[PDB]
């Protein structure tokens, strides 16, 4: 448990806690929503396509999304409300997922240059919804569905 984050389980997982060691790969679906009346969806892995797949970089120093994932069991579906303090990073993080969904490598030099240039010129991440999210810091809910943990 971390401050500013409420976990709710909507479908209980199966089995013992996955082995969430350094280098293991987590396959999951997720949906991100505002906390407005409509619960406006910001991103939805199922809608766009295939599930996300991340590698735990270091079990001893977890990324924020790893803090979420490593609390989960296979097949679990949980909703995590995260206060404004945890979510200011989400728009750039979504930016980068969205470009990888496309054919673009956000780490390639021409892509990253264009991003910084448009961001300085136009104060934009390339996406109206993420821009409005960054201009208005606020809570988000992430619903995550954990599908599979693979050993390294």
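Residue numbers count along the first chain shown, from 1.
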*Can you tell me which stretch has the higher mean Cα B-factor, 106 to 114 or 57 to 65?*
106 to 114
_Which of 97 to 105 and 28 to 36 has higher mean CA B factor, as the PDB entry lists it_ = 97 to 105
*70, 84, 124, 50, ranked by C-alpha B-factor: the highest one*: 50
*Where the record places residue 134 (Cα B-factor, split into thirds across the chain)*: highest
*Thinking about Cα B factors across the chain, which third does residue 2 belong to?*
highest
*asked:* Ranking every modelled residue in this chain by its Cα temperature factor as given in the entry, which third contains residue 18?
replied: lowest
*asked:* Is residue 147 in the lowest, middle or highest third of its chain when residues are ranked by C-alpha B-factor?
replied: lowest
